[PDB]
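Asker: Next comes the structure file target_13.pdb, holding PDB, C-alpha atoms and all ligand atoms.
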```pdb
MODEL        1
ATOM      1  CA  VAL A   3      14.840  -2.416   1.058
ATOM      2  CA  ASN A   4      11.469  -3.434  -0.411
ATOM      3  CA  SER A   5      10.125  -6.398  -2.392
ATOM      4  CA  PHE A   6       9.733  -4.674  -5.781
ATOM      5  CA  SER A   7      11.637  -6.536  -8.500
ATOM      6  CA  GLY A   8      12.796  -5.889 -12.054
ATOM      7  CA  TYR A   9      12.377  -2.099 -12.131
ATOM      8  CA  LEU A  10      14.559   0.358 -14.017
ATOM      9  CA  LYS A  11      15.681   3.278 -11.834
ATOM     10  CA  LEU A  12      14.887   6.625 -13.471
ATOM     11  CA  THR A  13      15.766   8.936 -10.549
ATOM     12  CA  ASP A  14      16.502   8.736  -6.833
ATOM     13  CA  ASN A  15      12.880   7.791  -6.056
ATOM     14  CA  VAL A  16      11.114   6.906  -9.359
ATOM     15  CA  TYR A  17      11.311   3.391 -10.818
ATOM     16  CA  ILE A  18       9.556   1.943 -13.900
ATOM     17  CA  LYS A  19       8.686  -1.536 -15.212
ATOM     18  CA  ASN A  20       6.659  -3.397 -17.840
ATOM     19  CA  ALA A  21       4.084  -5.214 -15.739
ATOM     20  CA  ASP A  22       0.367  -5.735 -15.225
ATOM     21  CA  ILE A  23      -0.388  -3.679 -12.108
ATOM     22  CA  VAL A  24      -3.015  -6.258 -11.126
ATOM     23  CA  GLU A  25      -0.461  -9.074 -11.172
ATOM     24  CA  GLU A  26       2.193  -6.842  -9.594
ATOM     25  CA  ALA A  27      -0.089  -5.925  -6.689
ATOM     26  CA  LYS A  28      -1.075  -9.549  -6.059
ATOM     27  CA  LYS A  29       2.596 -10.566  -5.987
ATOM     28  CA  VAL A  30       4.005  -7.678  -3.943
ATOM     29  CA  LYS A  31       0.916  -6.878  -1.839
ATOM     30  CA  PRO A  32       2.223  -3.314  -1.432
ATOM     31  CA  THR A  33       1.162  -0.969   1.316
ATOM     32  CA  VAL A  34      -0.406   1.317  -1.315
ATOM     33  CA  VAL A  35      -1.621   0.612  -4.841
ATOM     34  CA  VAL A  36      -2.764   3.644  -6.833
ATOM     35  CA  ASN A  37      -5.958   3.429  -8.877
ATOM     36  CA  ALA A  38      -6.546   5.560 -11.970
ATOM     37  CA  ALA A  39      -9.919   6.678 -10.613
ATOM     38  CA  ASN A  40     -12.653   9.004 -11.818
ATOM     39  CA  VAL A  41     -14.533  11.419  -9.569
ATOM     40  CA  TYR A  42     -17.470   9.019  -9.337
ATOM     41  CA  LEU A  43     -15.254   6.034  -8.424
ATOM     42  CA  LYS A  44     -16.982   4.105 -11.223
ATOM     43  CA  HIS A  45     -14.327   1.517 -12.033
ATOM     44  CA  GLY A  46     -15.549   0.468 -15.451
ATOM     45  CA  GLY A  47     -12.455   0.198 -17.632
ATOM     46  CA  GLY A  48      -8.782   0.934 -17.919
ATOM     47  CA  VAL A  49      -6.658   0.323 -14.843
ATOM     48  CA  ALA A  50      -9.674   0.947 -12.596
ATOM     49  CA  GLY A  51     -11.812  -1.667 -14.318
ATOM     50  CA  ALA A  52      -9.000  -4.218 -14.096
ATOM     51  CA  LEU A  53      -8.208  -3.583 -10.419
ATOM     52  CA  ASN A  54     -11.877  -3.772  -9.486
ATOM     53  CA  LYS A  55     -12.333  -7.050 -11.390
ATOM     54  CA  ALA A  56      -9.419  -8.530  -9.430
ATOM     55  CA  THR A  57     -11.276  -7.681  -6.182
ATOM     56  CA  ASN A  58     -14.405  -9.517  -7.383
ATOM     57  CA  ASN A  59     -16.239  -6.117  -7.416
ATOM     58  CA  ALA A  60     -15.552  -5.466  -3.707
ATOM     59  CA  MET A  61     -13.705  -2.272  -4.678
ATOM     60  CA  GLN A  62     -16.822  -1.017  -6.481
ATOM     61  CA  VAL A  63     -19.132  -1.884  -3.564
ATOM     62  CA  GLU A  64     -16.881  -0.005  -1.136
ATOM     63  CA  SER A  65     -16.573   2.900  -3.571
ATOM     64  CA  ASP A  66     -20.335   3.248  -4.005
ATOM     65  CA  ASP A  67     -20.734   3.591  -0.240
ATOM     66  CA  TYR A  68     -17.916   6.173  -0.187
ATOM     67  CA  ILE A  69     -19.639   8.285  -2.869
ATOM     68  CA  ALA A  70     -23.059   7.967  -1.230
ATOM     69  CA  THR A  71     -21.550   9.410   1.965
ATOM     70  CA  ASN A  72     -19.055  11.954   0.620
ATOM     71  CA  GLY A  73     -20.001  12.854  -2.947
ATOM     72  CA  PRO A  74     -17.612  12.875  -5.902
ATOM     73  CA  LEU A  75     -13.904  13.517  -5.721
ATOM     74  CA  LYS A  76     -12.280  16.538  -7.360
ATOM     75  CA  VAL A  77     -10.248  16.193 -10.534
ATOM     76  CA  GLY A  78      -6.707  16.215  -9.144
ATOM     77  CA  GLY A  79      -7.938  14.780  -5.836
ATOM     78  CA  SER A  80      -7.825  11.418  -4.112
ATOM     79  CA  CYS A  81      -9.166   9.239  -1.347
ATOM     80  CA  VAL A  82      -7.719   6.293   0.577
ATOM     81  CA  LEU A  83      -9.846   3.142   0.627
ATOM     82  CA  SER A  84      -9.155  -0.536   1.208
ATOM     83  CA  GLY A  85      -6.686  -2.395  -0.969
ATOM     84  CA  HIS A  86      -8.823  -5.553  -0.654
ATOM     85  CA  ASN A  87      -6.829  -8.622  -1.795
ATOM     86  CA  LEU A  88      -4.337  -6.477  -3.748
ATOM     87  CA  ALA A  89      -2.680  -4.160  -1.198
ATOM     88  CA  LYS A  90      -3.211  -2.797   2.284
ATOM     89  CA  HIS A  91      -4.675   0.435   0.885
ATOM     90  CA  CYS A  92      -5.815   1.740  -2.472
ATOM     91  CA  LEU A  93      -5.145   5.419  -3.168
ATOM     92  CA  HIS A  94      -7.805   6.394  -5.720
ATOM     93  CA  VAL A  95      -6.328   9.344  -7.645
ATOM     94  CA  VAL A  96      -8.214  11.325 -10.296
ATOM     95  CA  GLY A  97      -6.006  12.554 -13.096
ATOM     96  CA  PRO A  98      -7.611  14.719 -15.773
ATOM     97  CA  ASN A  99      -9.325  12.774 -18.551
ATOM     98  CA  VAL A 100      -8.433  14.552 -21.796
ATOM     99  CA  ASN A 101     -11.268  12.714 -23.549
ATOM    100  CA  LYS A 102     -13.584  14.736 -21.261
ATOM    101  CA  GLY A 103     -11.838  18.066 -21.915
ATOM    102  CA  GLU A 104     -10.279  18.294 -18.453
ATOM    103  CA  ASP A 105      -7.340  20.608 -17.809
ATOM    104  CA  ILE A 106      -4.025  18.768 -18.148
ATOM    105  CA  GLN A 107      -2.399  21.138 -15.623
ATOM    106  CA  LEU A 108      -4.345  19.247 -12.931
ATOM    107  CA  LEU A 109      -2.017  16.305 -13.592
ATOM    108  CA  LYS A 110       0.570  17.830 -11.260
ATOM    109  CA  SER A 111      -2.062  18.224  -8.523
ATOM    110  CA  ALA A 112      -3.024  14.569  -9.034
ATOM    111  CA  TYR A 113       0.572  13.375  -8.577
ATOM    112  CA  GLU A 114       0.965  15.525  -5.432
ATOM    113  CA  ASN A 115      -1.338  13.045  -3.672
ATOM    114  CA  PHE A 116       1.444  10.449  -3.937
ATOM    115  CA  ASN A 117       3.636  12.510  -1.569
ATOM    116  CA  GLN A 118       1.390  11.553   1.361
ATOM    117  CA  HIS A 119       2.665   7.944   1.110
ATOM    118  CA  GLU A 120       6.254   6.794   1.570
ATOM    119  CA  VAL A 121       6.082   4.008  -1.060
ATOM    120  CA  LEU A 122       3.500   3.326  -3.795
ATOM    121  CA  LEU A 123       2.822   1.009  -6.717
ATOM    122  CA  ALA A 124       1.157   3.097  -9.404
ATOM    123  CA  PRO A 125       0.236   3.454 -13.069
ATOM    124  CA  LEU A 126       0.947   6.575 -15.090
ATOM    125  CA  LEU A 127      -1.812   9.065 -14.313
ATOM    126  CA  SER A 128      -4.037  10.224 -17.167
ATOM    127  CA  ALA A 129      -2.459   7.625 -19.496
ATOM    128  CA  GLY A 130      -4.427   4.954 -21.330
ATOM    129  CA  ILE A 131      -8.106   5.831 -21.774
ATOM    130  CA  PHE A 132      -7.683   9.166 -19.954
ATOM    131  CA  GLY A 133      -6.099  10.426 -23.176
ATOM    132  CA  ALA A 134      -2.894  12.116 -22.018
ATOM    133  CA  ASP A 135       0.582  11.498 -23.425
ATOM    134  CA  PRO A 136       2.249   8.866 -21.181
ATOM    135  CA  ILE A 137       5.654  10.479 -21.830
ATOM    136  CA  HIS A 138       4.371  13.778 -20.416
ATOM    137  CA  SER A 139       2.752  11.986 -17.482
ATOM    138  CA  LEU A 140       6.097  10.374 -16.641
ATOM    139  CA  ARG A 141       7.808  13.779 -16.722
ATOM    140  CA  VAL A 142       5.236  15.267 -14.341
ATOM    141  CA  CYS A 143       5.573  12.232 -12.068
ATOM    142  CA  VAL A 144       9.354  12.579 -11.838
ATOM    143  CA  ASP A 145       9.132  16.343 -11.262
ATOM    144  CA  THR A 146       6.330  16.133  -8.642
ATOM    145  CA  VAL A 147       6.556  12.915  -6.630
ATOM    146  CA  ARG A 148       9.250  12.906  -3.943
ATOM    147  CA  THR A 149       8.289   9.633  -2.250
ATOM    148  CA  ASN A 150       9.255   6.227  -3.651
ATOM    149  CA  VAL A 151       7.089   5.328  -6.637
ATOM    150  CA  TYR A 152       7.132   2.107  -8.635
ATOM    151  CA  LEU A 153       5.466   2.766 -11.999
ATOM    152  CA  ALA A 154       3.860  -0.201 -13.759
ATOM    153  CA  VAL A 155       3.374   0.097 -17.516
ATOM    154  CA  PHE A 156       1.154  -2.635 -18.961
ATOM    155  CA  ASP A 157       2.083  -2.107 -22.620
ATOM    156  CA  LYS A 158       5.572  -3.357 -23.492
ATOM    157  CA  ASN A 159       5.879  -1.164 -26.583
ATOM    158  CA  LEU A 160       4.931   1.917 -24.561
ATOM    159  CA  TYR A 161       7.408   1.056 -21.811
ATOM    160  CA  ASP A 162      10.361   0.970 -24.224
ATOM    161  CA  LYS A 163       9.407   4.370 -25.654
ATOM    162  CA  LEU A 164       9.167   5.833 -22.140
ATOM    163  CA  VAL A 165      12.637   4.613 -21.181
ATOM    164  CA  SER A 166      14.363   5.360 -24.493
ATOM    165  CA  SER A 167      12.835   8.858 -24.497
ATOM    166  CA  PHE A 168      13.383   9.634 -20.808
ATOM    167  CA  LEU A 169      15.525  12.656 -20.013
TER     168      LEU A 169
HETATM  169  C1  LIG B   1      -1.576   0.924 -25.052
HETATM  170  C2  LIG B   1      -1.818   1.535 -23.669
HETATM  171  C3  LIG B   1      -2.691   0.929 -22.735
HETATM  172  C4  LIG B   1      -2.924   1.493 -21.459
HETATM  173  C5  LIG B   1      -2.279   2.691 -21.048
HETATM  174  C6  LIG B   1      -2.505   3.361 -19.651
HETATM  175  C7  LIG B   1      -2.008   2.592 -18.376
HETATM  176  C8  LIG B   1      -2.084   3.612 -17.172
HETATM  177  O1  LIG B   1      -1.374   4.758 -17.502
HETATM  178  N1  LIG B   1      -2.794   1.385 -18.105
HETATM  179  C9  LIG B   1      -2.411   0.322 -17.288
HETATM  180  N2  LIG B   1      -1.173   0.364 -16.680
HETATM  181  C10 LIG B   1      -0.776  -0.671 -15.872
HETATM  182  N3  LIG B   1      -1.465  -1.783 -15.569
HETATM  183  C11 LIG B   1      -2.684  -1.766 -16.193
HETATM  184  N4  LIG B   1      -3.544  -2.873 -15.974
HETATM  185  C12 LIG B   1      -4.714  -2.556 -16.754
HETATM  186  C13 LIG B   1      -4.546  -1.338 -17.385
HETATM  187  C14 LIG B   1      -3.257  -0.812 -17.046
HETATM  188  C15 LIG B   1      -1.408   3.288 -21.992
HETATM  189  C16 LIG B   1      -1.182   2.728 -23.263
HETATM  190 CL    CL B   2      -5.848   2.410 -19.421
ENDMDL
END
```
Have the structure of the file written as structure tokens, please.

Answerer:
Amino acid sequence: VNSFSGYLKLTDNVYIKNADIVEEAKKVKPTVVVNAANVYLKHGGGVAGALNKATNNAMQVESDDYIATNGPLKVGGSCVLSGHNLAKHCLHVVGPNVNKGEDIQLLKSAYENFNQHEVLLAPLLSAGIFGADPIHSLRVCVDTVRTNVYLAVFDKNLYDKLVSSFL
């Protein structure tokens, strides 16, 4: 039993809800919140910009030190950093950004990072400003993640299409 509330159950382990991941994380304070990161951990917009704003830019400060030490992530890769005031940990995961021409096949590799954590609050990878079809992203999530994932979809219209079109 966990403290996630109001989710629709899609499969044994995947759940989905219309919610602002920022507000969800503050309420639940999950062990792991997933960020829709880029390889440079520059959290300028989208989910990443919103999560960083909620940390008063502490996420960005920590991220800049991470990059200065380790260099950029790989597309499809991840790193674990602090969750600041939002969660215990933040798993920064880089899905392909279609608006950069990045290979959509890497979306499965991106979701594989979730399997290293028993329970996660997450957005749909490569959705929003990363340019991929959120319906496809949900399919890859369900077919790749085996741990317990709570998917937060900010847009109410998009959420209804995801559910009503889910197979
Ligand atoms: C119309 C539309 C907008 C955005 C998306 C992508 C989605 C991640 O896939 N973004 C988010 N998901 C959950 N909480 C969030 N808080 C801030 C951003 C955000 C798809 C479609
Ligand atoms: Cl977005």

Asker: So which residues touch residue 164 (chain A) within 8 Å, counting all atoms listed in the file, skipping near sequence neighbours fewer than 4 positions away, as a list in words?

Answerer: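 Contacts, with the query itself left out: residues 136, 137, 140, 160 and 168 of chain A.
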
Asker: Report, in Å with one decimal, the straight-line distance from CA of residue 57 (chain A) to CA of residue 33 (chain A).

Answerer: 16.0 Å

Asker: Could you write out as number ranges by chain the residues that the PyMOL selection byres (((not hetatm)) within 10 of (chain B and resi 1)) matches in the shown file?

Answerer: A: 19-27, 37-38, 47-53, 123-136, 139-140, 153-161

Asker: Select, from A:149, A:80, A:58, A:87, the residue with the minimum atom-to-atom distance to residue 112 (chain A), counting only C-alpha atoms.

Answerer: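 Among the listed residues, the smallest separation from residue 112 (chain A) belongs to A:80.
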
Asker: Using only the atoms of region 116-133 of chain A listed in the file, plus 4 Å on each side, state the axis-aligned box centre and edge lengths in Å rounded to one decimal, as AutoDock Vina command-line options.

Answerer:
```
--center_x -0.9 --center_y 6.8 --center_z -10.8 --size_x 22.4 --size_y 19.5 --size_z 32.7
```

Asker: Skipping near chain neighbours, those fewer than 4 positions away, what residues fall within 9 Å of residue 148 (chain A) using only C-alpha atoms, listed as a list in words?

Answerer: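 What passes the distance filter is residues 14, 15, 16, 114, 116, 117, 120, 143 and 144 of chain A.
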
Asker: Using C-alpha atoms, can you write the selected residues to a file as a JSON list (two decimals), in the frame of the given file?

Answerer:
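As a result, selection_31.json now contains:
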```json
[["chain", "number", "residue", "atom", "x", "y", "z"],
["A", 14, "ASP", "CA", 16.50, 8.74, -6.83],
["A", 15, "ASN", "CA", 12.88, 7.79, -6.06],
["A", 16, "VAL", "CA", 11.11, 6.91, -9.36],
["A", 114, "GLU", "CA", 0.96, 15.52, -5.43],
["A", 116, "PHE", "CA", 1.44, 10.45, -3.94],
["A", 117, "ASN", "CA", 3.64, 12.51, -1.57],
["A", 120, "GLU", "CA", 6.25, 6.79, 1.57],
["A", 143, "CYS", "CA", 5.57, 12.23, -12.07],
["A", 144, "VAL", "CA", 9.35, 12.58, -11.84]]
```

Asker: Quote the spacing between CA of residue 68 (chain A) and CA of residue 56 (chain A) in Å to one decimal place.

Answerer: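 CA of residue 68 (chain A) sits 19.3 Å away from CA of residue 56 (chain A).
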
Asker: Quick check on the file I pasted: which residues fall under the PyMOL selection byres (((chain A and resi 44) around 10) and not hetatm)? Write them as a PyMOL selection string.

Answerer: chain A and resi 39-43+45-47+50-51+54+61-63+65-66+69

Asker: Pull out every residue that the PyMOL selection byres (((chain A and resi 83) around 8) and not hetatm) matches in the shown coordinates and put them as JSON, numbers by chain.

Answerer: {"A": [64, 65, 81, 82, 84, 85, 91, 92, 93, 94]}

Asker: Between CA of residue 70 (chain A) and CA of residue 122 (chain A), what is the distance, to one decimal in Å?

Answerer: 27.1 Å

Asker: Which residue out of A:30, A:142, A:121, A:100 has the minimum interatomic distance to residue 88 (chain A) when only C-alpha atoms are used?

Answerer: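 Once distances to residue 88 (chain A) are computed over only C-alpha atoms, the minimum belongs to A:30.
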
Asker: Using only C-alpha atoms and all ligand atoms, find the one residue out of A:35, A:138, A:97, A:4 that sits nearest to ligand CL 2 (chain B).

Answerer: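 Among the listed residues, A:97 lies closest to ligand CL 2 (chain B).
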
Asker: Between A:101, A:12, A:76, A:109, single out the one closest to residue 167 (chain A), counting all atoms listed in the file.

Answerer: A:12

Asker: Output region 110-132 of chain A with N, CA and C atoms present, as an mmCIF file, keeping the file's coordinate frame.

Answerer:
```cif
data_model
loop_
_atom_site.group_PDB
_atom_site.id
_atom_site.type_symbol
_atom_site.label_atom_id
_atom_site.label_comp_id
_atom_site.auth_asym_id
_atom_site.auth_seq_id
_atom_site.Cartn_x
_atom_site.Cartn_y
_atom_site.Cartn_z
ATOM 1 N N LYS A 110 -0.381 17.636 -12.348
ATOM 2 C CA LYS A 110 0.570 17.830 -11.260
ATOM 3 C C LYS A 110 -0.121 17.714 -9.905
ATOM 4 N N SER A 111 -1.293 18.340 -9.761
ATOM 5 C CA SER A 111 -2.062 18.224 -8.523
ATOM 6 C C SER A 111 -2.373 16.765 -8.206
ATOM 7 N N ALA A 112 -2.732 15.989 -9.230
ATOM 8 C CA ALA A 112 -3.024 14.569 -9.034
ATOM 9 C C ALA A 112 -1.808 13.837 -8.470
ATOM 10 N N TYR A 113 -0.631 14.047 -9.069
ATOM 11 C CA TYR A 113 0.572 13.375 -8.577
ATOM 12 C C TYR A 113 0.971 13.832 -7.174
ATOM 13 N N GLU A 114 0.627 15.067 -6.781
ATOM 14 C CA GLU A 114 0.965 15.525 -5.432
ATOM 15 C C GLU A 114 0.371 14.620 -4.358
ATOM 16 N N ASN A 115 -0.757 13.962 -4.648
ATOM 17 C CA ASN A 115 -1.338 13.045 -3.672
ATOM 18 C C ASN A 115 -0.371 11.925 -3.303
ATOM 19 N N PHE A 116 0.517 11.539 -4.229
ATOM 20 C CA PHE A 116 1.444 10.449 -3.937
ATOM 21 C C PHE A 116 2.393 10.811 -2.793
ATOM 22 N N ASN A 117 2.657 12.104 -2.576
ATOM 23 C CA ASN A 117 3.636 12.510 -1.569
ATOM 24 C C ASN A 117 3.171 12.253 -0.147
ATOM 25 N N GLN A 118 1.901 11.902 0.042
ATOM 26 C CA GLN A 118 1.390 11.553 1.361
ATOM 27 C C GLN A 118 1.674 10.105 1.743
ATOM 28 N N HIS A 119 2.388 9.360 0.895
ATOM 29 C CA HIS A 119 2.665 7.944 1.110
ATOM 30 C C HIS A 119 4.125 7.669 0.793
ATOM 31 N N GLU A 120 4.809 6.969 1.702
ATOM 32 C CA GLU A 120 6.254 6.794 1.570
ATOM 33 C C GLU A 120 6.634 5.929 0.372
ATOM 34 N N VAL A 121 5.814 4.932 0.040
ATOM 35 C CA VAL A 121 6.082 4.008 -1.060
ATOM 36 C C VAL A 121 4.755 3.651 -1.719
ATOM 37 N N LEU A 122 4.720 3.647 -3.056
ATOM 38 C CA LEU A 122 3.500 3.326 -3.795
ATOM 39 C C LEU A 122 3.822 2.525 -5.044
ATOM 40 N N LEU A 123 2.909 1.620 -5.391
ATOM 41 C CA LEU A 123 2.822 1.009 -6.717
ATOM 42 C C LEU A 123 1.760 1.773 -7.493
ATOM 43 N N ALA A 124 2.071 2.202 -8.713
ATOM 44 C CA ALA A 124 1.157 3.097 -9.404
ATOM 45 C C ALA A 124 1.228 2.885 -10.908
ATOM 46 N N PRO A 125 0.164 3.244 -11.624
ATOM 47 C CA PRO A 125 0.236 3.454 -13.069
ATOM 48 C C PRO A 125 0.571 4.915 -13.363
ATOM 49 N N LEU A 126 0.820 5.194 -14.641
ATOM 50 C CA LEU A 126 0.947 6.575 -15.090
ATOM 51 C C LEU A 126 -0.424 7.243 -15.121
ATOM 52 N N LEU A 127 -0.545 8.358 -14.405
ATOM 53 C CA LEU A 127 -1.812 9.065 -14.313
ATOM 54 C C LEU A 127 -2.171 9.692 -15.649
ATOM 55 N N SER A 128 -3.458 9.654 -15.961
ATOM 56 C CA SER A 128 -4.037 10.224 -17.167
ATOM 57 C C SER A 128 -3.571 9.530 -18.444
ATOM 58 N N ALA A 129 -2.834 8.423 -18.336
ATOM 59 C CA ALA A 129 -2.459 7.625 -19.496
ATOM 60 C C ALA A 129 -3.627 6.730 -19.916
ATOM 61 N N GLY A 130 -3.383 5.875 -20.905
ATOM 62 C CA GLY A 130 -4.427 4.954 -21.330
ATOM 63 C C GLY A 130 -5.658 5.705 -21.799
ATOM 64 N N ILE A 131 -6.832 5.274 -21.318
ATOM 65 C CA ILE A 131 -8.106 5.831 -21.774
ATOM 66 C C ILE A 131 -8.381 7.237 -21.261
ATOM 67 N N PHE A 132 -7.546 7.770 -20.361
ATOM 68 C CA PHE A 132 -7.683 9.166 -19.954
ATOM 69 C C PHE A 132 -7.073 10.135 -20.965
#
```
